[PDB]
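Read the single chain below, which is given as structure tokens and is the form deposited in one PDB entry.
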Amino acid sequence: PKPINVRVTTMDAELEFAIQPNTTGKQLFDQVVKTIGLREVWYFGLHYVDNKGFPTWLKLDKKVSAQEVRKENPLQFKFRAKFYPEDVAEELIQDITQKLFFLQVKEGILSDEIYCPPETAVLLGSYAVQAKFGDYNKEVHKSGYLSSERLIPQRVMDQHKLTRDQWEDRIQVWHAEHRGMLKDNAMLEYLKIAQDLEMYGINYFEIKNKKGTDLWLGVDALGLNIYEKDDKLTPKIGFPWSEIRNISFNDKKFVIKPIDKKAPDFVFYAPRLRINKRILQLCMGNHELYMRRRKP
């Protein structure tokens, strides 16, 4: 049948090819992973923009054409990590898997998506520099080699009065320390530090409790968390996966069910139904990757 053009990009690559009207996300997903040689497939997914202009994760069991991928030529997809390990240093096996997490995480940090203290920003940047430029040359890297490199998130530059050259220096000092550090190690250290940030690996959604006050819901690898609208850094309430029996909503009425009893039980509400759908798949996937790392 009439081939359908599609482009799939990873954090550092563009792949374009043709599929058929009956091709499944799984079938598209597979070609993508086998092409780049990544087998730790449980962290990833393919997401797109629908005809309405809205973010959407591709279902792997249904026909690609069976979902509303914005009509255009070709269709556009982003291969990204949908789930994070509880500990990158111990779990991530492949280099590719590592590289891909290093890049997506660094992108969220550089975009001000993930809050980051000024000091942790220069150290993270120092590692990104290592991974890229190398060991550090005083001949090749004459003041100004980091001139073109966007190294500190803007929201951080916004709160600390420093010259673009000022930072570049702060970074250089730390760069120099990592003597002959392997590029593949530099990336893991960056992730070892990013991992400790309070907003790392969390998906936030706006909600309201029965009492109707605005709050943030966070879904992550360790479980769920409830936050006050004005503070995404410190969870007001924490419900680890271990402590959560069943999570489910009816109609905007989500409810968390515990294991041990005492919990009066949490009940929140979310607006658009588009959201409440993703929320549930995130819990499901996280809850299940949680259990695997712990068999029996």
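Take the two forms, find the largest set of C-alpha atoms that superpose within 1.5 Å, and that set is the rigid core. One-based numbering along the sequence shown.
There is also a form solved in complex with a partner chain; it is not shown, and the following applies to it.
Proximity to its partner chain in the entry with it bound (heavy atom, within 4.5 Å), stretch among 238-246, 252-260, 46-54, 23-31: Contact criterion met by 23-31 only.
Is there a heavy atom of residue 279 lying 4.5 Å or less from a heavy atom of its partner chain in the entry with it bound? No - in the entry with it bound, heavy atoms of residue 279 and its partner chain never come within 4.5 Å of each other.
Is residue 273 part of the interface with its partner chain in the entry with it bound - any heavy atom within 4.5 Å? Looking in the entry with it bound, residue contacts with its partner chain do not include residue 273, since no heavy atom lies within 4.5 Å.
Would residue 284 count as touching its partner chain in the entry with it bound under a 4.5 Å heavy atom rule? Judged by the heavy-atom cut-off of 4.5 Å, residue 284 is well away from its partner chain in the entry with it bound.
Against its partner chain in the entry with it bound, would residue 12 count as a contact residue? Criterion: heavy atoms within 4.5 Å. Yes, residue 12 sits close enough to its partner chain in the entry with it bound that at least one of its heavy atoms falls within 4.5 Å.
After a core superposition, would you say residue 249 shifts its C-alpha by at least 2 Å between this form and the one not shown? Residue 249 C-alpha, core-superposed: shift of less than 2 Å.
When the rigid core is used for the superposition, does residue 61 move between this form and the one not shown (threshold: C-alpha shift of 2 Å or more)? The answer is no, as the C-alpha of residue 61 shifts between this form and the one not shown by less than 2 Å after core alignment.
Is the shift of residue 16 between this form and the one not shown large enough to count as movement, that is, does its C-alpha move by 2 Å or more after the core is superposed? The answer is yes, as the C-alpha of residue 16 shifts between this form and the one not shown by 2 Å or more after core alignment.
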